[PDB]
Structures are given as structure tokens and as C-alpha cells.
There are 2 protein chains.
Amino acid sequence: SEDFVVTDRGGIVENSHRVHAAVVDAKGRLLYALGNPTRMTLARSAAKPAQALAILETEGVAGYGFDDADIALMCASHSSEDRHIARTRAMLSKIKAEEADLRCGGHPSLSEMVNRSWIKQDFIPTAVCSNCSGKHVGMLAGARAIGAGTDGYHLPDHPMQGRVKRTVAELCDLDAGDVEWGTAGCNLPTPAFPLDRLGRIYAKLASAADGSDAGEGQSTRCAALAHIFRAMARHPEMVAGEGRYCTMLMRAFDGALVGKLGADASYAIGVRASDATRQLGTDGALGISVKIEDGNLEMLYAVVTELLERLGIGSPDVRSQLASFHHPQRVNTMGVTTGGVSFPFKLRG
Amino acid sequence: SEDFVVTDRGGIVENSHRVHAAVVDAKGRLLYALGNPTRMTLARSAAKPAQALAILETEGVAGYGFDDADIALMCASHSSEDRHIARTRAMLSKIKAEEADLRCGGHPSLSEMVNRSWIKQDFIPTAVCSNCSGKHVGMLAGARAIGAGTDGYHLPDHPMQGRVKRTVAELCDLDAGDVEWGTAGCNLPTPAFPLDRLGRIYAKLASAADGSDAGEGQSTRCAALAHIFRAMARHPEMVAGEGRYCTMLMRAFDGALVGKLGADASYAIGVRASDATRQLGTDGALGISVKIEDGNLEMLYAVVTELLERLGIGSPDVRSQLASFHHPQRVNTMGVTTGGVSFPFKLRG
Ligand SMILES: [Cl-]
Ligand SMILES: [Cl-]
Ligand SMILES: [Zn+2]
Ligand SMILES: [Zn+2]
């Protein structure tokens with residue numbers, strides 16, 4: 001397949017970007033694809049709901065009283081807005097830990113507007129400012145809850161990371177050896193697996209949400225997955241922030257799906273069963289995963305929004321809240337439009 | 001044909017980027033290649049030496065007394081450092097123009113350190129700060145020199161832009177219809193032509209420098225090309241700025257070559273004849289042009305530096321000054337090395 005997103009200047013090709021995507025049902029069966037839907041792919045932050053599941057399944061973590069917004073922050077790549085930093089500090093208090101216990105580092109904010117404020121202030125970001133700070137507090141919580149020590153909670157030999165590694169493989173329905181591990185920007189183990197299994201994780205999230213809402217008896221795992229979905233959809237501003245794709249996406253859809261960014265341009269969406277999912281040929285929930293081969297985020301958001309339109313997910317009115325991402329502005333320094341974005345890719349069934 | 005630069009996280013593929021490259025002799029004969037060496041490509045700022053030639057060949061421009069550093073700024077994508085703004089203003093004064101005559105617009109600086117200083121002072125960049133401001137003053141100069149009027153100097157129907165279009169096609173050895181035109185970020189016509197012809201332009205620059213140095217009877221155009229080469233090599237800080245690839249590259253090579261960035265990740269180099277170029281099998285100067293298909297600038301500089309090493313251009317000590325670009329750091333927020341860059345491409349003859 002030769003599936004691309006392409007930018008032009010006056011009709012002349014500027015850049016082209018290879019697209020990979022998987023659309024799967026709740027059991028992970030492949031329904032539609034772009035590119036190579038089984039591309040071995042670092043999920044990066046798109047794995048965070050699976051890491052939050054490992055946190056929430058750690059015995060004793062329930063006693064700390066994390067609320068839904070705290071869980072959404074565990075699932076976040078937040079913009080380090082003051083509310084994200086404050087909630088991180090409030091979560092540290094719940095587990096009687098301190099910022100010095102964190103093993104993630106500060107970085108320039110993922111939001112340009114926040115980062116400009118920091119620059120004006122000469123603000124130096126610290127550990128609680130990390131976009132991953134919520135995940136790290138949850139990992140510290142789990143380490144405290146099982147009692148072997150918080151030192152080294154971020155290292156592969158720690159039981160919290162053994163729990164994460166098993167949980168990821170289980171949600172993917174993969175043997176341990178089919179998940180590879182590197183080290184994240186936030187200094188935790190981070191997984192790679194075929195792209196379609198990232199879709200599978202998010203189909204399982206949305207499916208658990210459907211079962212919870214229907215009143216079905218659920219395993220402890222499915223109940224926790226439903227809780228994670230509900231937390232992300234109820235507090236999408238915790239998952240990213242003002243003006244961010246994931247937040248704007250989840251607000252527009254008002255509970256019908258959850259979406260999550262991975263660094264270097266992966267994206268995952270879990271869609272609750274609907275007229276649209278039935279029209280796509282499945283009787284339950286759906287999962288979507290996307291990777292832009294070269295890592296370009298602006299192209300990722302254009303492609304994800306185009307894919308939602310092609311799949312019929314939402315309505316023109318709902319998806320129109322994402323118009324600035326769908327068709328990125330190509331306006332020069334004098335206000336003249338110089339080109340645009342095109343989608344020469346073809347979904348295959 | 002399948003030529004990539006690949007980044008990894010712990011040996012796991014993160015992103016990959018398709019590379020196109022042409023290495024040509026002084027007549028444009030293809031000597032080595034990556035990818036598609038004739039890819040139709042927007043040269044963007046890498047066309048600036050051709051545009052400077054059109055300016056310098058305009059009747060009467062010699063009377064303004066532009067010096068080598070002014071010509072270097074005509075060829076620049078500068079960082080908007082105070083010295084670039086000051087030289088822009090001095091060039092405007094040479095032609096008795098003012099900032100309001102410029103038809104380029106301000107933008108965030110190409111240098112992070114300049115841009116952070118601006119953010120701290122709440123500085124809003126204006127036309128005089130454009131990375132293309134030196135080209136624009138040169139175009140105003142040519143318009144005024146032939147009595148065409150400054151108004152509209154940037155529009156395709158203006159005789160200055162007629163001269164630019166002719167000069168570009170002639171340097172490429174192309175018919176007019178083989179060069180396509182869009183509108184630049186700086187609001188001028190900007191050309192697209194086969195990537196190898198960008199290398200041809202720069203081989204002609206270095207060839208002319210060789211012929212000037214050898215005291216050959218040069219055409220006036222060759223003499224002006226030699227002047228442009230000399231100006232860029234003598235004043236590389238004008239062409240980009242502190243810490244910028246083009247500046248560090250040209251300083252390391254100390255007159256042996258010139259190099260120039262194009263936006264969306266094109267690069268061009270003109271190499272004077274040397275033991276290295278003779279070892280590559282040509283008896284004259286050579287040109288190099290590169291495009292990263294997806295537009296990533298970090299990967300461009302890594303690839304260009306790797307190509308100089310494969311081609312044997314420079315000494316190991318000279319190219320070690322570019323080590324930070326050749327293998328970009330992949331260290332996380334806690335100081336842990338998480339990945340690297342690889343060059344599985346192979347130069348073909
Ligand atoms: Cl990293
Ligand atoms: Cl533009
Ligand atoms: Zn992280
Ligand atoms: Zn320009």
C-alpha cells in the first residue's frame with residue numbers, strides 16, 4: 001500500500017508522509033487498514049491507559065482515594081497547565097510522597113502558550129511538571145501499596161514495572177516476547193507492539209465502558225477499564241489541556257469515544273458501540289490506531305480527523321470542532337494562503 | 001531507491017525518513033545518488049544564491065555599494081540576530097528605502113535562543129526581522145535600480161521577478177516551463193525543479209570560485225557566481241547565525257565549500273575541487289543536493305553530515321565540529337540515553 005498524507009505549495013508537492021492505521025473490533029479483528037496495520041510501533045504515551053490499569057489493579061491503591069480527575073491525569077500527556085501541576089502535587093499528598101520521589105524530569109511544555117508563559121517568567125520545570133507526572137505518581141502509589149519500596153519504582157526490575165509489562169501484554173493478547181521495551185522520555189519502560197494491538201487496547205476500553213453502562217456483570221479488569229474510559233471522557237482537560245487535540249476531540253464527542261496521543265505521532269481511539277460502528281461491520285465497540293512513519297504530529301492530527309470522517313464517526317457538526325486540525329492552516333507571513341494538506345490514501349477492508 | 005535515515009528507541013524503530021540526494025559535477029552530470037535524484041522539489045531558501053545572482057546582474061545595482069556581507073545576507077536564512085537586523089537596515093539605507101517598503105513579514109526566529117529573548121521582552125517581529133530580509137532588500141534594490149518602482153517588487157508580473165525566473169531556469173539549464181512556481185513564506189515567487197538541478201546550481205557556484213581563484217577569463221555571470229560563493233564562505237554567520245548548521249558547516253570548512261538550508265528540509269552544498277572531489281572521479285567542482293521527503297530538519301542535518309563523511313569531504317577533525325548534528329542527542333528528561341540515529345542508505349553511483 002502507498003497511503004500518504006501530502007502537503008503542497010500552489011499544487012506543488014512539498015512533503016509527503018506515510019500513514020499506517022488499524023481499525024479493529026473488540027476482539028482485535030482487523031476491519032480496515034492503511035499502510036501496514038501490524039507495524040511494530042512504540043505506543044509511547046498512547047500506552048498510558050494500560051499503565052493506569054496496572055496502577056488501578058495494584059492492591060491497596062484504592063485506599064488512597066484517587067478520584068476520576070486523578071485517574072485522567074494518570075492517563076495524560078498534559079500541557080503542564082497550573083491545574084495539572086497542582087493536581088500532581090495534590091496526588092503526591094494522597095500517597096504521602098514528595099516531589100523528590102519522582103523519577104521523571106521537567107521539560108518544555110507541550111503547549112506553546114504555556115511554554116511562552118514559562119519563558120517570560122524564567123520558570124524552570126521540575127518533576128511535577130512532566131506531562132507524565134500523573135502516571136509517575138500512580139506508579140509511586142502502587143509501589144507504596146505493595147510495600148517493597150519506592151526507590152527504583154521506574155526500573156524494569158521493580159514489581160510495579162513487572163505488573164505494567166504483564167498488563168500490556170495481556171491487553172494486547174500477546175506473549176511477553178512479542179512486546180519489546182525501551183525507555184521513555186519520562187524515564188519509564190515503554191512498550192512496542194504491532195500497531196493493530198494498540199487499536200485492540202482501545203477497543204477493549206470502549207467495550208468495557210459499554211458493558212458497564214449496560215449493567216453487565218464484569219470482571220475486576222473490565223470494571224477498571226470502564227473506570228479508565230469514564231475518567232478520560234469526563235475529564236478530557238486532564239488528559240491534555242486547553243486547545244489540545246485529545247481534549248478537543250473528547251469534548252466534541254461527549255462520551256462516545258476516548259482518544260490519546262503518543263509521542264512521535266501515534267494516536268489511539270476507543271469508540272463505544274454506535275450506529276457508526278455497526279455500519280462499519282461490527283456488533284460491539286471499535287478501536288482505531290494510527291502511526292505517521294516520520295513522526296509528524298501536525299500530519300497525525302489531520303489524518304486522524306480525516307479517518308474519523310471516512311469512518312462516519314460522529315457528525316459533521318461534532319467533527320467540525322476539529323477543523324483547524326483536519327485542514328492545517330498554510331498561510332505565509334503576509335496572510336497569503338500558500339497551499340494545503342491532501343489525503344491520497346485509501347482505506348482497505 | 002529505498003534510502004532511509006531511521007531513529008530508534010533502544011534499538012526499536014521510532015521514525016523513518018525517506019532521503020533523496022544528488023551529487024553532480026560542474027556540468028550537472030549525476031555522479032552519486034540516494035532516493036530519487038530528480039525529484040521535483042521546492043528549493044525554498046536554497047534557491048537564494050540564484051536569486052542573489054538575478055539581483056547582482058540587475059543594471060545599476062552595482063552603484064549601491066553592497067559588500068560581501070550584504071551579499072551573504074541576500075543569500076541568508078538568518079536567525080534574526082541583532083546583527084542581521086542591523087545589516088538589513090544598513091542595506092535599506094544603501095538604496096534609500098525604508099522598512100515599510102518590505103513585503104515580507106515577521107516570524108518567530110529560526111533560532112530558539114533568539115526567539116526566547118524575544119518572548120521575554122514581548123517583542124513582536126516585523127518585516128525587517130524576516131530570515132529573508134536580505135533577499136527582499138536586494139529585490140527592492142533591483143526594482144529601484146531600473147526605475148520599475150518599489151511597489152509590487154514581489155509580484156510575478158514585476159520585472160524584478162521576471163529577471164529572477166529567467167536566472168533560476170538558466171542556472172538550472174532548464175526551459176521556463178520546466179520550473180514551477182509557488183508563493184514562499186516570505187511572500188515571493190519560489191521555484192520548484194528537479195533536485196539534481198539544485199545540486200547543479202551549487203556546483204556552478206563552487207566551479208566559478210575555482211575559476212576565479214585560477215585567474216581564468218570568466219564570464220561576468222561566472223564572476224558574480226564566484227562573488228556569491230566568496231561572500232557566503234567569508235560571512236557564514238550572515239547566512240544563518242550562531243549555532244546554526246550552515247554557519248558551523250561553512251566555518252569548519254574554511255572556504256572549501258558553501259552550504260545552504262531550504263525550508264521543509266532541503267539542503268545544497270557547492271564543493272570546490274579538492275583531493276576529495278578528485279577521488280570521487282571528477283576533475284572539477286561538485287554539487288550536492290538533499291531532500292528529506294517528510295520535511296524533518298533534524299534528520300536533514302544528520303543525513304547531510306553523514307553524506308559528507310561517505311564522500312570523504314573534509315577531514316575527520318573538520319567534520320567532528322558537526323558531531324552534534326551528525327548524531328543528534330537522544331537523552332531523556334533524566335539524563336538517560338534512550339535512542340539513536342542510523343543511516344541504512346547506500347550511495348549509488
Ligand atoms: Cl527520550
Ligand atoms: Cl507559507
Ligand atoms: Zn511517560
Ligand atoms: Zn524567502
# chains A, B, ... in the order shown; residues from 1 in each chain; ligands from 1
$ interface_residues --of "chain A" --to "chain B" --cutoff "6 Å" --atoms "only C-alpha atoms" --output "JSON list (two decimals) with C-alpha atoms, in the first residue's frame"
[["chain", "number", "residue", "atom", "x", "y", "z"],
["A", 9, "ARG", "CA", 2.55, 24.77, -2.11],
["A", 10, "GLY", "CA", 0.47, 26.06, -5.01],
["A", 15, "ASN", "CA", 6.32, 16.99, 1.94],
["A", 16, "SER", "CA", 4.77, 13.55, 1.95],
["A", 17, "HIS", "CA", 4.20, 11.34, 5.00],
["A", 105, "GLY", "CA", 12.11, 15.17, 34.73],
["A", 120, "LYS", "CA", 8.57, 35.11, 30.19],
["A", 182, "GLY", "CA", 12.62, 0.79, 25.51],
["A", 183, "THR", "CA", 12.96, 3.74, 27.89],
["A", 185, "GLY", "CA", 11.28, 10.38, 27.71],
["A", 293, "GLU", "CA", 6.01, 6.90, 9.81],
["A", 294, "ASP", "CA", 8.21, 10.01, 10.10],
["A", 295, "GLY", "CA", 6.70, 11.24, 13.39],
["A", 332, "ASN", "CA", 2.52, 32.84, 4.99],
["A", 333, "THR", "CA", 3.99, 35.80, 6.94],
["A", 334, "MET", "CA", 1.83, 38.27, 4.94],
["A", 338, "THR", "CA", 0.22, 29.19, 0.03]]
$ residues_around --residues "residue A:229" --least-positions-apart "2" --cutoff "7 Å" --atoms "only C-alpha atoms" --output "list in words"
residues 205, 206, 209, 225, 226, 227, 231, 232, 233 and 258 of chain A
$ write_last_selection --atoms "N, CA and C atoms" --output "mmCIF file, in the first residue's frame"
data_model
loop_
_atom_site.group_PDB
_atom_site.id
_atom_site.type_symbol
_atom_site.label_atom_id
_atom_site.label_comp_id
_atom_site.auth_asym_id
_atom_site.auth_seq_id
_atom_site.Cartn_x
_atom_site.Cartn_y
_atom_site.Cartn_z
ATOM 1 N N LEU A 205 -11.132 -0.885 25.998
ATOM 2 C CA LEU A 205 -11.575 0.221 26.856
ATOM 3 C C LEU A 205 -13.015 0.573 26.570
ATOM 4 N N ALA A 206 -13.322 0.816 25.295
ATOM 5 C CA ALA A 206 -14.656 1.249 24.941
ATOM 6 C C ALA A 206 -15.657 0.126 25.173
ATOM 7 N N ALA A 209 -16.553 0.086 28.773
ATOM 8 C CA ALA A 209 -17.494 1.172 29.029
ATOM 9 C C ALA A 209 -18.917 0.780 28.640
ATOM 10 N N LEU A 225 -11.211 -1.081 33.443
ATOM 11 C CA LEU A 225 -11.159 -0.476 32.114
ATOM 12 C C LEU A 225 -12.317 0.491 31.907
ATOM 13 N N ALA A 226 -13.507 0.121 32.358
ATOM 14 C CA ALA A 226 -14.640 1.032 32.222
ATOM 15 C C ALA A 226 -14.385 2.319 32.991
ATOM 16 N N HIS A 227 -13.782 2.192 34.175
ATOM 17 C CA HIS A 227 -13.498 3.350 35.015
ATOM 18 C C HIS A 227 -12.497 4.267 34.326
ATOM 19 N N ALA A 231 -13.170 8.067 33.208
ATOM 20 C CA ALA A 231 -12.332 9.144 33.733
ATOM 21 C C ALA A 231 -11.801 10.024 32.605
ATOM 22 N N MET A 232 -11.303 9.407 31.532
ATOM 23 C CA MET A 232 -10.771 10.187 30.412
ATOM 24 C C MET A 232 -11.858 11.008 29.759
ATOM 25 N N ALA A 233 -13.041 10.412 29.559
ATOM 26 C CA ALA A 233 -14.108 11.123 28.863
ATOM 27 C C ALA A 233 -14.723 12.216 29.733
ATOM 28 N N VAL A 258 -12.907 7.791 23.506
ATOM 29 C CA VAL A 258 -11.726 8.386 24.114
ATOM 30 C C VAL A 258 -10.603 8.322 23.092
#
$ residues_around --residues "stretch 243-249 of chain A" --least-positions-apart "2" --cutoff "7 Å" --atoms "only C-alpha atoms" --output "list in words"
residues 236, 237, 239, 240, 241, 251, 252, 253, 259, 260, 261 and 322 of chain A
$ atom_distance --atom1 "atom CA of residue B:90" --atom2 "atom CA of residue B:204"
29.6 Å
$ select_by_dssp --residues "stretch 85-253 of chain A" --states "strand (DSSP E or B)" --output "MDAnalysis selection string"
chainID A and resid 180:183 189:194
$ closest_residue --among "B:200, B:158, B:319, B:144" --to "residue B:268" --atoms "only C-alpha atoms"
B:200
$ closest_residue --among "B:97, B:128, B:86, B:160" --to "residue B:56" --atoms "only C-alpha atoms"
B:160
$ atom_distance --atom1 "atom CA of residue B:306" --atom2 "atom CA of residue B:202"
19.0 Å
$ residues_around --residues "residue A:256" --least-positions-apart "4" --cutoff "9 Å" --atoms "only C-alpha atoms" --output "ChimeraX atom specification"
/A:206,233,250,270-274,314
$ decode --residues "stretch 267-336 of chain A" --atoms "C-alpha atoms" --output "PDB file, in the first residue's frame"
ATOM      1  CA  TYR A 267      -2.775   8.012  18.055  1.00  0.00           C
ATOM      2  CA  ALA A 268      -5.374   5.695  19.505  1.00  0.00           C
ATOM      3  CA  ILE A 269      -9.158   5.947  19.818  1.00  0.00           C
ATOM      4  CA  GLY A 270     -11.700   3.700  21.520  1.00  0.00           C
ATOM      5  CA  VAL A 271     -15.237   4.054  20.148  1.00  0.00           C
ATOM      6  CA  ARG A 272     -18.342   2.919  22.040  1.00  0.00           C
ATOM      7  CA  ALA A 273     -20.829   0.841  20.047  1.00  0.00           C
ATOM      8  CA  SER A 274     -22.992   3.060  17.833  1.00  0.00           C
ATOM      9  CA  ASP A 275     -24.831   3.308  14.529  1.00  0.00           C
ATOM     10  CA  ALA A 276     -21.483   4.221  13.024  1.00  0.00           C
ATOM     11  CA  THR A 277     -19.652   1.172  14.399  1.00  0.00           C
ATOM     12  CA  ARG A 278     -22.469  -1.129  13.226  1.00  0.00           C
ATOM     13  CA  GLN A 279     -22.263   0.394   9.734  1.00  0.00           C
ATOM     14  CA  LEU A 280     -18.555  -0.489   9.785  1.00  0.00           C
ATOM     15  CA  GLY A 281     -19.468  -4.144  10.275  1.00  0.00           C
ATOM     16  CA  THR A 282     -19.070  -4.915  13.975  1.00  0.00           C
ATOM     17  CA  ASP A 283     -21.633  -5.500  16.719  1.00  0.00           C
ATOM     18  CA  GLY A 284     -19.562  -4.071  19.579  1.00  0.00           C
ATOM     19  CA  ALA A 285     -17.016  -1.372  20.258  1.00  0.00           C
ATOM     20  CA  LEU A 286     -14.225  -0.324  17.919  1.00  0.00           C
ATOM     21  CA  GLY A 287     -10.553   0.631  18.187  1.00  0.00           C
ATOM     22  CA  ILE A 288      -8.503   2.878  15.898  1.00  0.00           C
ATOM     23  CA  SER A 289      -4.728   3.250  15.902  1.00  0.00           C
ATOM     24  CA  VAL A 290      -2.555   5.439  13.659  1.00  0.00           C
ATOM     25  CA  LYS A 291       1.174   5.996  13.142  1.00  0.00           C
ATOM     26  CA  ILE A 292       2.782   8.624  10.885  1.00  0.00           C
ATOM     27  CA  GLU A 293       6.014   6.897   9.814  1.00  0.00           C
ATOM     28  CA  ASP A 294       8.208  10.011  10.097  1.00  0.00           C
ATOM     29  CA  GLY A 295       6.701  11.240  13.387  1.00  0.00           C
ATOM     30  CA  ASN A 296       5.000  14.485  12.309  1.00  0.00           C
ATOM     31  CA  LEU A 297       2.286  15.499  14.803  1.00  0.00           C
ATOM     32  CA  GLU A 298       0.571  18.121  12.627  1.00  0.00           C
ATOM     33  CA  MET A 299       0.064  15.442   9.990  1.00  0.00           C
ATOM     34  CA  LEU A 300      -1.098  12.936  12.614  1.00  0.00           C
ATOM     35  CA  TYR A 301      -3.990  15.113  13.750  1.00  0.00           C
ATOM     36  CA  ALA A 302      -5.035  15.872  10.166  1.00  0.00           C
ATOM     37  CA  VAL A 303      -5.038  12.155   9.338  1.00  0.00           C
ATOM     38  CA  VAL A 304      -6.887  11.079  12.489  1.00  0.00           C
ATOM     39  CA  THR A 305      -9.580  13.656  11.818  1.00  0.00           C
ATOM     40  CA  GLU A 306      -9.831  12.609   8.172  1.00  0.00           C
ATOM     41  CA  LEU A 307     -10.099   8.987   9.244  1.00  0.00           C
ATOM     42  CA  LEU A 308     -12.949   9.782  11.621  1.00  0.00           C
ATOM     43  CA  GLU A 309     -14.769  11.453   8.731  1.00  0.00           C
ATOM     44  CA  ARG A 310     -14.148   8.490   6.402  1.00  0.00           C
ATOM     45  CA  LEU A 311     -15.381   6.026   9.038  1.00  0.00           C
ATOM     46  CA  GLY A 312     -18.527   8.087   9.640  1.00  0.00           C
ATOM     47  CA  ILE A 313     -17.744   8.523  13.331  1.00  0.00           C
ATOM     48  CA  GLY A 314     -19.616  11.474  14.798  1.00  0.00           C
ATOM     49  CA  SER A 315     -21.326  14.081  12.647  1.00  0.00           C
ATOM     50  CA  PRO A 316     -20.067  16.956  10.523  1.00  0.00           C
ATOM     51  CA  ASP A 317     -21.067  19.250  13.398  1.00  0.00           C
ATOM     52  CA  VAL A 318     -19.178  17.241  16.016  1.00  0.00           C
ATOM     53  CA  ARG A 319     -16.108  16.778  13.844  1.00  0.00           C
ATOM     54  CA  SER A 320     -16.129  20.465  12.791  1.00  0.00           C
ATOM     55  CA  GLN A 321     -14.752  21.432  16.230  1.00  0.00           C
ATOM     56  CA  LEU A 322     -11.554  19.814  14.911  1.00  0.00           C
ATOM     57  CA  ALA A 323     -11.458  21.713  11.572  1.00  0.00           C
ATOM     58  CA  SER A 324      -8.220  23.529  12.446  1.00  0.00           C
ATOM     59  CA  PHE A 325      -6.503  20.141  12.848  1.00  0.00           C
ATOM     60  CA  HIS A 326      -8.217  18.469   9.906  1.00  0.00           C
ATOM     61  CA  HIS A 327      -7.008  21.017   7.323  1.00  0.00           C
ATOM     62  CA  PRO A 328      -3.942  22.706   8.829  1.00  0.00           C
ATOM     63  CA  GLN A 329      -3.515  26.392   8.004  1.00  0.00           C
ATOM     64  CA  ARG A 330      -0.941  27.139   5.260  1.00  0.00           C
ATOM     65  CA  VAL A 331      -0.729  30.964   5.463  1.00  0.00           C
ATOM     66  CA  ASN A 332       2.524  32.845   4.985  1.00  0.00           C
ATOM     67  CA  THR A 333       3.986  35.797   6.936  1.00  0.00           C
ATOM     68  CA  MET A 334       1.830  38.272   4.939  1.00  0.00           C
ATOM     69  CA  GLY A 335      -1.515  36.485   5.352  1.00  0.00           C
ATOM     70  CA  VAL A 336      -1.481  34.814   1.923  1.00  0.00           C
TER      71      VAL A 336
END
